[PDB]
Asks: 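This structure is in structure tokens; I'll ask about it shortly.
Here is the naming used below: chain letters follow the sequence lines, and residue numbers restart at 1 for every chain.
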Amino acid sequence: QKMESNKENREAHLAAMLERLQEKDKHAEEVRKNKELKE
Amino acid sequence: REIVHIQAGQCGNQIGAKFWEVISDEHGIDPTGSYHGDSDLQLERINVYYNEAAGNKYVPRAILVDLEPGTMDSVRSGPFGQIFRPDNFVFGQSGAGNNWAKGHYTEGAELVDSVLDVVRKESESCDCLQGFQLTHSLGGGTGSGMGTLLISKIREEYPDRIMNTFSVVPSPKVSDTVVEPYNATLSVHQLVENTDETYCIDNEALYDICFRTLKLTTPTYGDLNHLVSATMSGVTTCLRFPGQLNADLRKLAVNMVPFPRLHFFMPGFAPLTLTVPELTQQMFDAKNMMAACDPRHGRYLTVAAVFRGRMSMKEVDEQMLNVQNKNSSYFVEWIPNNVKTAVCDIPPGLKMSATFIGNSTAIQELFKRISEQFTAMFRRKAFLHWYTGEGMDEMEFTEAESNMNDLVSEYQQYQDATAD
Amino acid sequence: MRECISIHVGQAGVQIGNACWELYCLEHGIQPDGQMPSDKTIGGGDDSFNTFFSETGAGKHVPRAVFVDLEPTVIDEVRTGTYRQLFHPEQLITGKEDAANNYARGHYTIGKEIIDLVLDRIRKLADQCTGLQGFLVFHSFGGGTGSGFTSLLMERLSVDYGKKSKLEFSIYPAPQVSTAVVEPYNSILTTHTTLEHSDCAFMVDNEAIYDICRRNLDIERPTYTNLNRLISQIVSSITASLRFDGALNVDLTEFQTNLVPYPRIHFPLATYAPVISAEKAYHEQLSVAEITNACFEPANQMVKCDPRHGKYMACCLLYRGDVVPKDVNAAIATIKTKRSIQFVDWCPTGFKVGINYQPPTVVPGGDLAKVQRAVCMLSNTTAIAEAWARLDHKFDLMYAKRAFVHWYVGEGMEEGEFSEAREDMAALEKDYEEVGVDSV
Ligand SMILES: CNCCC(=O)N(C)[C@@H](C)C(=O)O[C@H]1CC(=O)N(C)c2cc(cc(OC)c2Cl)C/C(C)=C/C=C/[C@@H](OC)[C@@]2(O)C[C@H](OC(=O)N2)[C@@H](C)[C@@H]2O[C@@]12C
Ligand SMILES: Nc1nc2c(ncn2[C@@H]2O[C@H](COP(=O)(O)OP(=O)(O)OP(=O)(O)O)[C@@H](O)[C@H]2O)c(=O)[nH]1
Ligand SMILES: Nc1nc2c(ncn2[C@@H]2O[C@H](COP(=O)(O)OP(=O)(O)O)[C@@H](O)[C@H]2O)c(=O)[nH]1
Ligand SMILES: [Ca+2]
Ligand SMILES: [Mg+2]
Ligand SMILES: [Mg+2]
């Protein structure tokens with residue numbers, strides 16, 4: 001039970017870190033697109 | 001084991017090159033990468049920073065990055081310039097013109113993929129990568145904007161590794177480029193979320209040390225970087241030489257970072273160019289800090305002290321206990337035993353030296369000073385069109401300011417906190 | 001028959017194991033190559049030293065020992081050092097990345113990757129035993145591997161060996177030689193998870209050993225080498241009853257019957273004498289009465305606490321060298337009339353005595369004088385709970401602000417494990433108060 005609970009929790013900590021980093025790459029696409037449609 | 005070093009932009013590459021010159025001399029590595037030293041202690045942990053090549057050559061695990069070729073041509077011509085791996089030079093032609101948005105979103109995004117190709121090549125041949133250290137300034141466009149983009153991309157591919165920065169904070173006393181506070185605030189917003197440990201190297205403090213203490217009427221970048229290279233040698237001693245304490249990046253982070261966002265360290269050095277009592281008093285003196293913060297204006301969460309040279313370990317222990325006992329008000333009572341001491345036998349042209357790493361709530365003085373200069377410009381939207389021109393919205397400046405003001409509040413919260 | 005397997009975990013466990021095995025080789029006349037000329041039975045036997053040493057057909061005496069660390073640099077010094085030929089390579093187990101002073105990394109993230117291999121190597125030692133008695137586990141409380149990997153291993157050994165005895169030698173943290181701010185977290189987490197899996201634990205306070213080295217051996221600034229030589233003498237006194245024969249010799253298991261009144265109350269206080277420099281020992285012979293008297297001086301204890309302010313539940317004296325029962329009994333009678341020795345009302349007051357005739361040995365280049373007689377006192381005193389109270393207080397200061405807790409949560413741990421571990425320590429502190437109250 002402890003090693004399963006631990007594996008789950010660690011994987012959820014990392015998945016959320018990657019979700020935050022993927023939203024930055026999403027926001028960066030939006031900024032480079034905003035520059036294009038300004039010109 | 002292995003650390004991968006990245007140096008980004010003009011400042012990053014200038015302080016980066018001095019770092020490699022200084023630690024190559026300490027490890028007995030010459031400019032052709034040959035070992036000509038006199039001690040086994042020099043080679044025991046050489047693999048932390050150097051790769052071994054054909055013919056017992058040592059090659060820095062170093063990647064050199066800029067959007068402008070000029071500074072990297074001068075590195076290649078610098079004394080240790082031939083020691084770097086030629087394929088580890090990654091440069092564009094455009095430049096960033098001190099514009100964070102060009103470094104982070106437009107010019108830098110074009111170059112970042114070829115930097116990651118080199119990072120991946122260095123990372124893949126590591127027995128067991130500890131993580132990364134980046135040297136950069138926060139006041140320009142490449143080191144600031146592209147530096148923080150690289151951190152975000154490296155973290156996406158190596159999320160379980162430690163990310164460490166040597167981050168040079170801007171001052172009106174050294175550059176008269178007026179958008180530096182914008183670039184520094186936008187950079188701090190990235191560093192708060194995406195680094196584990198940041199050494200705050202304040203150009204304000206380096207200028208004041210060169211002027212007031214070392215009596216240099218007209219400090220150059222050369223004079224500033226002499227202080228930076230001595231500090232950087234000091235704070236990496238425990239990573240590079242056999243030893244007990246903070247001997248790898250994760251162990252340092254676990255000793256120094258009680259809350260994930262409060263990872264901005266005030267480095268110190270003594271003597272500024274000596275008995276153990278004098279080293280100890282000087283390394284804790286406001287005048288010896290590489291961040292323009294008075295430690296008596298806050299409290300220490302955590303401290304690492306590193307003594308270098310042949311000296312009495314008994315005298316070092318007694319003096320380190322003396323400073324804590326006599327200054328007990330400036331160490332939070334709810335982190336017991338929060339000051340750790342290392343002694344390394346190899347000194348840096350000195351018989352003895354002390355390097356100080358502090359996680360002090362007084363670091364809020366550095367962020368408040370940047371925040372004041374940011375607001376003075378941002379309230380009149382001065383020069384914003386250079387940033388909106390690259391696709392950024394005003395709201396991203398508002399968010400960066402709020403997050404840096406939140407960081408200040410958080411240092412203040414732990415400063416006021418009490419055990420009872 | 002009656003084999004004991006030693007398991008040395010992490011830097012402290014490994015460096016203390018190096019000092020213990022060096023000393024056992026010198027005590028039994030075993031050379032660094034494993035040869036023992038005095039042993040006439042080649043390739044096996046059931047002599048008392050065979051509890052700790054197996055024998056190859058080539059006459060090599062091999063420690064019944066596994067060394068485990070999650071990084072290689074400490075065990076690499078055993079692999080290339082003076083005693084490199086003593087150990088088969090498969091007894092020396094290393095990973096690539098350590099637990100970074102984090103219990104959660106030692107128990108879960110890094111530890112899970114090597115635990116099946118370690119149990120494999122331990123099984124290989126167990127399979128060569130005709131009557132395995134149990135395990136001796138050496139570790140720090142403070143390190144990530146010493147704390148978290150040891151907890152994992154002790155849990156897995158309870159599963160694979162059921163109720164086989166597990167004894168610990170546990171290094172309790174001191175600020176003079178500590179390497180991590182989070183040692184109190186690691187200490188409480190491992191004490192909580194290990195407590196149901198351990199039969200008997202000897203705590204060694206680095207601060208008590210540090211002070212004994214400074215005060216009694218005149219070492220200005222003790223190193224691990226200084227501390228470990230002294231610790232090895234105390235460990236050797238405790239295991240001497242398993243490794244030597246003699247008429248007056250009393251097996252450690254028989255002392256354990258007296259030392260553990262309730263399963264949780266299993267932390268004996270060790271006190272060792274004499275600890276004396278060669279310069280002070282010269283023409284000063286310490287008698288049975290002097291070394292016995294020195295066992296009731298708090299300054300000679302392995303854990304800092306004051307037994308004069310608690311109650312005894314047991315007192316055992318393990319003598320080695322030139323000691324006869326007459327001199328012991330006169331020493332004890334004198335001490336009873338003079339010292340603050342108060343037993344709980346439910347325990348008999350008799351001191352239990354063992355004598356092993358083989359005198360103490362010292363390691364060349366050591367700080368300790370070679371003496372004709374020595375003693376280790378093992379007492380079960382309520383005063384040992386002071387050591388828990390000190391660690392619990394440091395835990396509470398940091399945990400009230402959740403200082404450093406994100407390093408544990410990042411590795412998959414929950415806050416609930418912290419509060420559960422701390423509650424178990426509160427209940428332990430309370431158990432030590434209760435056993436000291438008089439019967440109604
Ligand atoms: C007037 N001695 C020249 C000063 C100089 O060369 N500097 C410091 C330049 C490079 C500079 O950074 O100008 C900044 C402003 C500044 O610090 N000062 C001293 C300045 C500089 C100028 C006029 C000024 O008004 C009197 C002032 Cl106050 C002169 C101007 C507009 C230079 C613009 C250069 C752009 O390159 C094509 C830039 O580098 C600017 C860049 O965007 C970019 O993408 N690239 C944006 C973000 C920079 O915000 C700015 C504007
Ligand atoms: N007596 C003694 N204490 C030691 C020794 N080595 C380390 N310690 C203590 O043990 C604690 C640190 O744990 P270590 O054993 O170094 O750590 P580890 O088990 O290797 O764990 P990680 O390095 O975090 O993977 C501190 O309290 C140290 O003072 C040693 O040789 N002797
Ligand atoms: N201490 C120090 N600061 C520098 C150096 N070079 C540039 N800076 C500072 O860096 C900031 C500008 O960033 P720079 O590295 O020049 O821009 P980039 O090349 O776009 O990253 C300013 O605050 C400068 O004062 C240097 O060699 N040493
Ligand atoms: Ca035999
Ligand atoms: Mg520049
Ligand atoms: Mg270790």
Asks: For atom CD of A:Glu39, is the number of surrounding heavy atoms from other residues, nucleotides or ligands below 6.0 Å larger than 12?
Replies: yes
Asks: Compare all side-chain heavy atoms of C:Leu152 with those of A:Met3 and state whether any distance is below 4.5 angstrom.
Replies: yes
Asks: Judged by atom type as modelled, is there a donor-acceptor pair below 3.5 Å linking the side chain of A:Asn6 to the main-chain atoms of C:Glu411?
Replies: yes
Asks: Side chain, backbone, both or neither: which part of A:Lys2 has a non-hydrogen atom closer than 4.5 Å to chain C?
Replies: both
Asks: Can you establish whether the number of heavy atoms outside A:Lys26 located under 6.0 Å from its atom NZ is more than 12?
Replies: no
Asks: CE/C:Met413 to CG/A:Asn9 distance, rounded to the nearest 0.5 angstrom?
Replies: 10.5 Å
Asks: In this structure, are over 12 heavy atoms from other groups packed under 6.0 Å from A:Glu30 atom CD?
Replies: no
Asks: Quick check: are there more than 12 heavy atoms from other residues, nucleotides or ligands sitting under 6.0 Å from CD of A:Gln22?
Replies: yes
Asks: In terms of heavy-atom contacts, does CD of A:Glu36 have more than 12 from other residues, nucleotides or ligands at under 6.0 Å?
Replies: no
Asks: Provide the closest heavy-atom pair for C:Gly410 versus A:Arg10 in the form atom of the first, atom of the second, distance.
Replies: O-CG, 3.8 Å
